[PDB]
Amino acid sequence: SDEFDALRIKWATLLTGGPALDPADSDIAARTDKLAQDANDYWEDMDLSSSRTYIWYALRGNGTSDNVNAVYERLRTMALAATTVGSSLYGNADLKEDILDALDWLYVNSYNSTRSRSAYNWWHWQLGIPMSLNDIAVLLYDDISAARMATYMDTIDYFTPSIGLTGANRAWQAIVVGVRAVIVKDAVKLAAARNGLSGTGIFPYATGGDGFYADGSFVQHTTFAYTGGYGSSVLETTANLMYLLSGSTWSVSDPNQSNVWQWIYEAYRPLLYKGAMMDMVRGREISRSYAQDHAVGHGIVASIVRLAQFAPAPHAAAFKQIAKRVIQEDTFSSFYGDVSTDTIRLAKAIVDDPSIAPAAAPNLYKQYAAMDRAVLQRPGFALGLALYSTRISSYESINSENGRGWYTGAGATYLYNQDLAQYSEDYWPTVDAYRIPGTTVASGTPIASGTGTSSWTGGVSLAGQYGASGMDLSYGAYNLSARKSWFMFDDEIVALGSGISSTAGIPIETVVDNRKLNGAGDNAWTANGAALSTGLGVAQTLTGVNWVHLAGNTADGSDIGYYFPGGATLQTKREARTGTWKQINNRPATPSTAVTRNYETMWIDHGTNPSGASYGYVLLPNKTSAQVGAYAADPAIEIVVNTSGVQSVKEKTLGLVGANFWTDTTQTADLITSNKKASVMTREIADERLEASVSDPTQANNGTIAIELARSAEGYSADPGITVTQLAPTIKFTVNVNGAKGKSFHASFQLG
């Protein structure tokens, strides 16, 4: 028994679930039956004759990365069904030989060192295929002759001989070099893989470019928010590799590995909602039918469970609590339904352990300044806000993926509630891509993929409880500019727009919402107390509307109210939309099956060539018709200002005042006065204390922000970087935002 021999068995168990895997388990049973079934269909119509010019007719083409890569995945699936306890194909020797022969056929006809290491698509040749190959190698290790194993691992070492990329890609090389190292028992290479994790975009926090940021953000491809896309892969790969090496000669020792624990707390947890990984941070992956939010979420929890196996306390235990909660929260799609059998085994051990209680649900506001994202988590609902600027791009679309993601990150609001299916069930291929909720656009007109021209994108966080965000809008593809702000309070979100001007000669609109409805598309809804028609295919204009209520898809926990201060005119339509994933993902493997979903879409029409137009609306999650009606009668919020210079809102019951200042001039909103671009929020406790949070959203101010609060104080306490120069008769202080990178600075004053 070699050490490598031990590692190999360890990895094999990670793939099959080991010999302990209990096939009596209801969920484990399902996972294997499905694996065996899939393995059969593949084996069944597989071309076995030595004359064959392809393995599977439907995948022929020894020069198409996609096809070849897909052929290895299938072989991988077959190898698993032949080594997983409970599988009807377990041990079947014929199946094993067929897999091996197919592998030989590929080495000769398509996968060998005579090909360009950089031949499109490079990813497939250097990472995708090798990862599948190693897995087969490890699973059929005993049945693989030294001769064959040579042609297998030599080719791999050819394409990927070392580690030198960043983020997800560097991690992928690491798992490729490492797993191969264990197979060919090369201690050098293996030590090389372990060290690769300390590289760019992984263990060490990034200050720019790809990687994880100290504020929890995750970037990939230089300018895209990717926590849920490439980020998922980095987490999965890093967890799998760290677990393999853990407790061995090549165990990870880099001190930065502790940042991995923080990833889970600050980078992932806040973006998870009852099993779903928010689409706003999944990039172009939202266009993948096999990777909708809950499916992706399950993958992330699977990694957390993996980390829980070797993570040091208290982390290990905390990870268990978080996984247990999410597994119990997701009643939409079973967690055990789409993760590895080993994950199921390990997960069940946590859920059935009574000594382990579910973690508390997150309740907070967080500003992901490095990736122009913000998230609000409350009991009963979550709000995700996607923005873009000179630092982050509008959306990514490469390799024929995400062709209609134009506005998915242009001041887009994503509401999460009891309807856990809202963004799954083919939302993306059917939703009107020109009307993404919360955005302001030129009707039916797209924009390009790229960074913006304004740096004012971000917001402030008040003690991680409340917050405000803003985005200076100016599209490049066409003339349209506006100031958009969002104020997040306890149970309402206030959206404000001003300075909406255009010369594009195209109608401009602001999408209040665009929700997928139930199967019948008959959700009930009211306006100003009047029941509205619920028939599909009906468009209608609601004039002089103060409030609207829309019943959700669940009995409770998914209703949404809309309040319009000062009244508004809404353009609406309830229609059935048809689409195909092929339309937004034009790759071979995408199903071209048509699907139909129902929608209720509501927008404000600003007319053509508007000048200084504006809007204001409040989202009231989980309230009944009556409640929304009551609210509109005696609103808790109050619009302090909504000009192109400053947008401010007040929350009378909580004593909160938020303000976004758009220009570098002295301006005043309620009790707040600022001399520069800033996002400010204050909380006043009658004759007790006054709290304030300030941030420089532009991340370009090399000096200070001078703030003045119209209140008299007796004393203070503040974050370093703040200098109070006066407490009476009014409060005055400056904030050193030089190199702050969009962070919030807090100060607390004792009132007379």
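Residue numbers run from 1 along the displayed sequence.
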query: Mean C-alpha B-factor comparison - 723-731 and 29-37, higher one; finding: 29-37
query: 195-203 or 556-564, whichever carries the higher mean Cα B-factor; finding: 195-203
query: Highest recorded Cα temperature factor - choice among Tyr226, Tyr107, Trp662, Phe381; finding: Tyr107
query: Residue, from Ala531, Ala504, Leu140, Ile327, that the PDB entry assigns the highest Cα B-factor; finding: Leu140
query: Among modelled residues of the same chain, the CA temperature factor third for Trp250; finding: highest
query: Among modelled residues of the same chain, the CA temperature factor third for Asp696; finding: lowest
query: Chain-wide C-alpha B factor ranking for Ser717, given as lowest, middle or highest third; finding: lowest
query: Third of the chain, ranked by Cα B-factor, where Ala187 sits; finding: highest
query: Chain third (lowest, middle, highest) by recorded CA B-factor, residue given as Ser50; finding: highest
